[PDB]
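Asker: So here's entry.cif (mmCIF, C-alpha atoms).
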```
data_input
#
loop_
_atom_site.group_PDB
_atom_site.id
_atom_site.type_symbol
_atom_site.label_atom_id
_atom_site.label_comp_id
_atom_site.auth_asym_id
_atom_site.auth_seq_id
_atom_site.Cartn_x
_atom_site.Cartn_y
_atom_site.Cartn_z
ATOM 1 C CA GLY A 1 75.072 115.142 115.318
ATOM 2 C CA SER A 2 78.391 116.843 116.034
ATOM 3 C CA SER A 3 81.109 114.921 114.194
ATOM 4 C CA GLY A 4 84.065 116.429 112.362
ATOM 5 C CA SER A 5 86.364 113.481 111.697
ATOM 6 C CA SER A 6 84.844 110.893 109.362
ATOM 7 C CA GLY A 7 86.715 107.639 109.904
ATOM 8 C CA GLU A 8 90.487 107.555 109.490
ATOM 9 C CA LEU A 9 92.611 109.647 107.127
ATOM 10 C CA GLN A 10 93.981 107.947 104.013
ATOM 11 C CA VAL A 11 96.154 108.970 101.062
ATOM 12 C CA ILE A 12 94.018 108.841 97.920
ATOM 13 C CA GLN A 13 96.014 108.242 94.739
ATOM 14 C CA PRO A 14 93.721 108.360 91.678
ATOM 15 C CA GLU A 15 96.524 108.657 89.123
ATOM 16 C CA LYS A 16 98.243 105.264 89.184
ATOM 17 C CA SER A 17 100.907 106.684 86.868
ATOM 18 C CA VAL A 18 101.514 110.080 85.265
ATOM 19 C CA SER A 19 102.727 110.693 81.714
ATOM 20 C CA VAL A 20 104.777 113.673 80.537
ATOM 21 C CA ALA A 21 107.705 114.691 78.335
ATOM 22 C CA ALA A 22 111.202 115.856 79.270
ATOM 23 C CA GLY A 23 110.514 119.531 79.903
ATOM 24 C CA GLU A 24 106.793 119.291 80.620
ATOM 25 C CA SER A 25 104.757 119.787 83.795
ATOM 26 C CA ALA A 26 103.640 116.651 85.634
ATOM 27 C CA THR A 27 100.532 116.426 87.814
ATOM 28 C CA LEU A 28 100.790 114.276 90.940
ATOM 29 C CA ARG A 29 97.168 114.029 92.072
ATOM 30 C CA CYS A 30 96.738 113.572 95.823
ATOM 31 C CA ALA A 31 93.960 113.956 98.393
ATOM 32 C CA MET A 32 93.224 112.788 101.938
ATOM 33 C CA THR A 33 89.927 111.334 103.153
ATOM 34 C CA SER A 34 90.149 113.651 106.161
ATOM 35 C CA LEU A 35 92.142 116.409 107.861
ATOM 36 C CA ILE A 36 92.683 114.544 111.130
ATOM 37 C CA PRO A 37 95.091 114.025 112.481
ATOM 38 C CA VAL A 38 96.122 117.489 111.296
ATOM 39 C CA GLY A 39 99.412 117.769 109.434
ATOM 40 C CA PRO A 40 101.214 119.212 106.391
ATOM 41 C CA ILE A 41 102.109 117.392 103.175
ATOM 42 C CA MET A 42 105.447 116.126 101.864
ATOM 43 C CA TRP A 43 106.255 114.285 98.635
ATOM 44 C CA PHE A 44 109.019 111.697 98.280
ATOM 45 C CA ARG A 45 110.129 109.653 95.269
ATOM 46 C CA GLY A 46 111.152 106.135 96.247
ATOM 47 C CA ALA A 47 109.487 105.903 99.651
ATOM 48 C CA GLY A 48 110.968 103.132 101.774
ATOM 49 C CA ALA A 49 114.263 103.241 99.893
ATOM 50 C CA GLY A 50 116.055 106.092 98.150
ATOM 51 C CA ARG A 51 113.156 108.408 98.947
ATOM 52 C CA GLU A 52 114.051 111.875 97.664
ATOM 53 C CA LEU A 53 112.244 114.983 98.911
ATOM 54 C CA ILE A 54 110.039 116.278 96.096
ATOM 55 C CA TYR A 55 108.113 119.043 97.857
ATOM 56 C CA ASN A 56 107.601 120.529 101.320
ATOM 57 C CA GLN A 57 104.400 122.281 102.393
ATOM 58 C CA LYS A 58 105.848 123.617 105.646
ATOM 59 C CA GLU A 59 108.630 125.451 103.813
ATOM 60 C CA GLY A 60 111.020 125.289 100.872
ATOM 61 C CA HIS A 61 111.551 127.500 97.832
ATOM 62 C CA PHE A 62 110.339 125.326 94.955
ATOM 63 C CA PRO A 63 109.690 127.376 91.788
ATOM 64 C CA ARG A 64 109.162 124.340 89.560
ATOM 65 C CA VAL A 65 106.469 123.117 91.955
ATOM 66 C CA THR A 66 103.209 125.002 91.431
ATOM 67 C CA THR A 67 100.405 124.218 93.877
ATOM 68 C CA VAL A 68 97.479 123.188 91.677
ATOM 69 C CA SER A 69 95.104 124.473 94.356
ATOM 70 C CA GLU A 70 95.421 127.009 97.173
ATOM 71 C CA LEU A 71 96.445 125.267 100.397
ATOM 72 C CA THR A 72 96.031 128.397 102.516
ATOM 73 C CA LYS A 73 92.245 128.079 102.355
ATOM 74 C CA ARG A 74 90.367 126.263 105.119
ATOM 75 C CA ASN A 75 89.540 122.563 104.797
ATOM 76 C CA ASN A 76 91.592 121.984 101.645
ATOM 77 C CA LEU A 77 91.887 118.242 101.030
ATOM 78 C CA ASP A 78 93.201 118.643 97.483
ATOM 79 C CA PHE A 79 96.966 118.306 97.903
ATOM 80 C CA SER A 80 97.914 117.852 94.247
ATOM 81 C CA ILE A 81 101.169 119.378 93.006
ATOM 82 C CA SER A 82 102.637 120.171 89.588
ATOM 83 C CA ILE A 83 106.371 119.931 88.907
ATOM 84 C CA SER A 84 107.199 122.051 85.860
ATOM 85 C CA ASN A 85 110.304 121.397 83.762
ATOM 86 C CA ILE A 86 110.203 117.619 84.192
ATOM 87 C CA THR A 87 113.414 115.693 83.525
ATOM 88 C CA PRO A 88 114.283 112.103 82.527
ATOM 89 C CA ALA A 89 116.280 111.922 85.758
ATOM 90 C CA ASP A 90 113.387 112.763 88.080
ATOM 91 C CA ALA A 91 111.135 109.970 86.821
ATOM 92 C CA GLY A 92 110.311 107.022 89.058
ATOM 93 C CA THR A 93 107.500 106.954 91.608
ATOM 94 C CA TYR A 94 106.223 109.813 93.767
ATOM 95 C CA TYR A 95 104.656 108.712 97.051
ATOM 96 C CA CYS A 96 102.301 111.232 98.653
ATOM 97 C CA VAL A 97 103.246 111.108 102.336
ATOM 98 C CA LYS A 98 100.803 112.675 104.793
ATOM 99 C CA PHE A 99 102.888 114.073 107.652
ATOM 100 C CA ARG A 100 101.096 114.664 110.955
ATOM 101 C CA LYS A 101 101.550 117.924 112.864
ATOM 102 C CA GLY A 102 104.173 117.093 115.474
ATOM 103 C CA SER A 103 107.089 118.530 117.434
ATOM 104 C CA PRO A 104 109.709 119.501 117.154
ATOM 105 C CA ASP A 105 108.565 118.607 113.639
ATOM 106 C CA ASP A 106 105.890 116.687 111.735
ATOM 107 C CA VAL A 107 105.874 112.883 111.649
ATOM 108 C CA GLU A 108 105.129 110.460 108.815
ATOM 109 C CA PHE A 109 101.584 109.143 109.238
ATOM 110 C CA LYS A 110 100.488 107.800 105.852
ATOM 111 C CA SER A 111 102.234 106.865 102.603
ATOM 112 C CA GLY A 112 100.504 107.148 99.242
ATOM 113 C CA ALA A 113 100.441 104.052 97.048
ATOM 114 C CA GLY A 114 103.052 105.688 94.839
ATOM 115 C CA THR A 115 102.387 107.450 91.543
ATOM 116 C CA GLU A 116 104.748 106.317 88.786
ATOM 117 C CA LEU A 117 105.993 109.045 86.445
ATOM 118 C CA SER A 118 106.557 108.316 82.754
ATOM 119 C CA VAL A 119 109.073 110.891 81.525
ATOM 120 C CA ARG A 120 109.012 110.824 77.724
ATOM 121 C CA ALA A 121 112.344 111.821 76.181
ATOM 122 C CA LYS A 122 112.328 115.175 74.387
ATOM 123 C CA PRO A 123 110.541 115.280 71.004
ATOM 124 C CA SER A 124 112.180 115.306 67.571
ATOM 125 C CA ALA A 125 112.028 117.367 64.379
ATOM 126 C CA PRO A 126 109.754 116.397 61.459
ATOM 127 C CA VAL A 127 110.948 114.738 58.250
ATOM 128 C CA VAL A 128 113.091 117.457 56.678
ATOM 129 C CA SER A 129 112.883 117.108 52.896
ATOM 130 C CA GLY A 130 115.885 119.063 51.657
ATOM 131 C CA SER A 131 115.892 122.859 51.607
ATOM 132 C CA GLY A 132 113.395 124.185 49.080
ATOM 133 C CA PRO A 133 109.776 124.308 47.862
ATOM 134 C CA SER A 134 107.851 121.333 46.480
ATOM 135 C CA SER A 135 109.348 120.042 43.230
ATOM 136 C CA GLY A 136 108.471 117.268 40.799
#
```
Please re-express this file's structure in structure tokens.

Answerer:
Amino acid sequence: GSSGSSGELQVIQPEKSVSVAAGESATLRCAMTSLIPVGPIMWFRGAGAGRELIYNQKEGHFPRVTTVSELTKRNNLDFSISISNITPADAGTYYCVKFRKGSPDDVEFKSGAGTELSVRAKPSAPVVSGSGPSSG
């Protein structure tokens, strides 16, 4: 009849592990099974231990991070992000944490399984056969 919340929210992590190259743009897929309890989204690499803030929906000037989909819209479950200019020092495992709207600030509610990033060292030049046109 009149039901808005379907079950209990849950961090959906389709991409078990991403694959990119030093200097490429990674795609950390993420989506919740619901919007309740309401709350923003925050990424952290190494959840539980050594967790480093990757992105912050609430605020934060992150140029490298380009929201794959508009979050301003209404009822936007898709919370996937794209970190451009990937580095071999940022690799590891990004855990999509679903923070719940709270005061004075949000509060950790769910923790994504943890998407492992596979940063592939920069590429290399092709087999350089001397300097000159084909001979013999």

Asker: Here is a test: counting all atoms listed in the file, which residue of A:103, A:118, A:27, A:131 is nearest to residue A:69?

Answerer: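 Smallest separation from residue A:69 among the options: A:27.
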
Asker: Apply the PyMOL selection byres ((chain A and resi 35) around 10) to the file shown and report the selected residues as a PyMOL selection string.

Answerer: chain A and resi 4-6+8-10+31-34+36-40+75-77+98+100

Asker: Using Å and a single decimal, report how far atom CA of residue A:104 sits from atom CA of residue A:11.

Answerer: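 Value for the atom CA of residue A:11-atom CA of residue A:104 distance: 23.5 Å.
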
Asker: Kindly provide, as JSON, the centre and edge lengths (Å, one decimal) of an axis-aligned box around all atoms of stretch 78-88 of chain A given in the file, with 3 Å on each side.

Answerer:
```
{"center_x": 103.7, "center_y": 117.1, "center_z": 90.2, "size_x": 27.1, "size_y": 15.9, "size_z": 21.4}
```

Asker: List as a ChimeraX atom specification: which residues have an atom within 10 Å of (106.9, 109.7, 95.9), counting all atoms listed in the file?

Answerer: /A:28,42-48,51-55,92-97,111-117

Asker: Pull out every residue that the PyMOL selection byres ((chain A and resi 86) around 6) matches in the shown coordinates and put them as a tab-separated table (two decimals) with C-alpha atoms, keeping the file's coordinate frame.

Answerer:
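And here's out.tsv as it stands now:
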```tsv
chain	number	residue	atom	x	y	z
A	22	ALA	CA	111.20	115.86	79.27
A	23	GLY	CA	110.51	119.53	79.90
A	24	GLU	CA	106.79	119.29	80.62
A	25	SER	CA	104.76	119.79	83.80
A	84	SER	CA	107.20	122.05	85.86
A	85	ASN	CA	110.30	121.40	83.76
A	87	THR	CA	113.41	115.69	83.52
```

Asker: Between atom CA of residue A:82 and atom CA of residue A:20, what is the distance, to one decimal in Å?

Answerer: 11.3 Å

Asker: Quote the spacing between atom CA of residue A:58 and atom CA of residue A:90 in Å to one decimal place.

Answerer: 22.0 Å

Asker: I'd like to see the residues matched by the PyMOL selection byres ((chain A and resi 81) around 8) on this file, and ideally I'd get them as a ChimeraX atom specification.

Answerer: /A:27-30,65-68,79-80,82-83

Asker: Go through A:26, A:57, A:135, A:120 and flag the residue nearest residue A:101, using all atoms listed in the file for the distances.

Answerer: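 Distance minimum relative to residue A:101 lands on A:57.
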
Asker: Can you work out which one of A:41, A:129, A:123, A:13 has the shortest atom-to-atom distance to residue A:71, counting all atoms listed in the file?

Answerer: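 Between A:41, A:129, A:123, A:13, the residue approaching residue A:71 most closely is A:41.
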
Asker: Please rebuild stretch 51-70 of chain A with N, CA, C and O atoms and give the result as an mmCIF file, in the frame of the given file.

Answerer:
```cif
data_model
loop_
_atom_site.group_PDB
_atom_site.id
_atom_site.type_symbol
_atom_site.label_atom_id
_atom_site.label_comp_id
_atom_site.auth_asym_id
_atom_site.auth_seq_id
_atom_site.Cartn_x
_atom_site.Cartn_y
_atom_site.Cartn_z
ATOM 1 N N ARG A 51 114.180 107.371 98.985
ATOM 2 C CA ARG A 51 113.156 108.408 98.947
ATOM 3 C C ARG A 51 113.788 109.797 98.900
ATOM 4 O O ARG A 51 114.511 110.189 99.815
ATOM 5 N N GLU A 52 113.508 110.532 97.829
ATOM 6 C CA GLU A 52 114.051 111.875 97.664
ATOM 7 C C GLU A 52 112.956 112.927 97.818
ATOM 8 O O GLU A 52 111.907 112.846 97.177
ATOM 9 N N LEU A 53 113.208 113.914 98.671
ATOM 10 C CA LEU A 53 112.244 114.983 98.911
ATOM 11 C C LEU A 53 111.846 115.660 97.603
ATOM 12 O O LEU A 53 112.696 116.173 96.875
ATOM 13 N N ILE A 54 110.549 115.660 97.313
ATOM 14 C CA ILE A 54 110.039 116.278 96.096
ATOM 15 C C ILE A 54 109.467 117.662 96.380
ATOM 16 O O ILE A 54 109.698 118.608 95.626
ATOM 17 N N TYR A 55 108.720 117.774 97.472
ATOM 18 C CA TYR A 55 108.113 119.043 97.857
ATOM 19 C C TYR A 55 107.897 119.109 99.365
ATOM 20 O O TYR A 55 107.813 118.083 100.037
ATOM 21 N N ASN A 56 107.807 120.327 99.891
ATOM 22 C CA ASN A 56 107.601 120.529 101.320
ATOM 23 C C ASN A 56 106.603 121.656 101.572
ATOM 24 O O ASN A 56 106.885 122.821 101.291
ATOM 25 N N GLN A 57 105.438 121.300 102.103
ATOM 26 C CA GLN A 57 104.400 122.281 102.393
ATOM 27 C C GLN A 57 104.874 123.282 103.441
ATOM 28 O O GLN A 57 104.799 124.494 103.236
ATOM 29 N N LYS A 58 105.361 122.768 104.565
ATOM 30 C CA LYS A 58 105.848 123.617 105.646
ATOM 31 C C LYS A 58 106.679 124.773 105.099
ATOM 32 O O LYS A 58 106.352 125.939 105.313
ATOM 33 N N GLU A 59 107.754 124.440 104.391
ATOM 34 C CA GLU A 59 108.630 125.451 103.813
ATOM 35 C C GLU A 59 109.373 124.898 102.599
ATOM 36 O O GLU A 59 109.149 123.761 102.186
ATOM 37 N N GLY A 60 110.258 125.713 102.033
ATOM 38 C CA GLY A 60 111.020 125.289 100.872
ATOM 39 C C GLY A 60 110.698 126.106 99.638
ATOM 40 O O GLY A 60 109.538 126.214 99.240
ATOM 41 N N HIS A 61 111.729 126.686 99.029
ATOM 42 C CA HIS A 61 111.551 127.500 97.832
ATOM 43 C C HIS A 61 111.596 126.636 96.575
ATOM 44 O O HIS A 61 112.665 126.399 96.011
ATOM 45 N N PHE A 62 110.431 126.166 96.143
ATOM 46 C CA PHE A 62 110.339 125.326 94.955
ATOM 47 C C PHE A 62 109.559 126.032 93.849
ATOM 48 O O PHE A 62 108.328 126.027 93.823
ATOM 49 N N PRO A 63 110.291 126.655 92.913
ATOM 50 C CA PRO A 63 109.690 127.376 91.788
ATOM 51 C C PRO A 63 109.028 126.438 90.785
ATOM 52 O O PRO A 63 107.943 126.723 90.278
ATOM 53 N N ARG A 64 109.687 125.319 90.503
ATOM 54 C CA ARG A 64 109.162 124.340 89.560
ATOM 55 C C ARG A 64 107.829 123.778 90.046
ATOM 56 O O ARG A 64 106.942 123.473 89.247
ATOM 57 N N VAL A 65 107.694 123.642 91.362
ATOM 58 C CA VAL A 65 106.469 123.117 91.955
ATOM 59 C C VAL A 65 105.413 124.207 92.090
ATOM 60 O O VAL A 65 105.604 125.186 92.813
ATOM 61 N N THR A 66 104.296 124.033 91.390
ATOM 62 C CA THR A 66 103.209 125.002 91.431
ATOM 63 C C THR A 66 101.936 124.377 91.993
ATOM 64 O O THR A 66 101.275 123.583 91.325
ATOM 65 N N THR A 67 101.598 124.743 93.226
ATOM 66 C CA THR A 67 100.405 124.218 93.877
ATOM 67 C C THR A 67 99.184 124.344 92.974
ATOM 68 O O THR A 67 98.735 125.450 92.673
ATOM 69 N N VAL A 68 98.650 123.204 92.545
ATOM 70 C CA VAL A 68 97.479 123.188 91.677
ATOM 71 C C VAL A 68 96.314 123.940 92.312
ATOM 72 O O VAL A 68 95.555 124.623 91.625
ATOM 73 N N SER A 69 96.179 123.809 93.628
ATOM 74 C CA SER A 69 95.104 124.473 94.356
ATOM 75 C C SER A 69 95.639 125.155 95.612
ATOM 76 O O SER A 69 96.600 124.689 96.222
ATOM 77 N N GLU A 70 95.008 126.263 95.991
ATOM 78 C CA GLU A 70 95.421 127.009 97.173
ATOM 79 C C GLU A 70 95.316 126.145 98.427
ATOM 80 O O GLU A 70 94.266 125.567 98.710
#
```
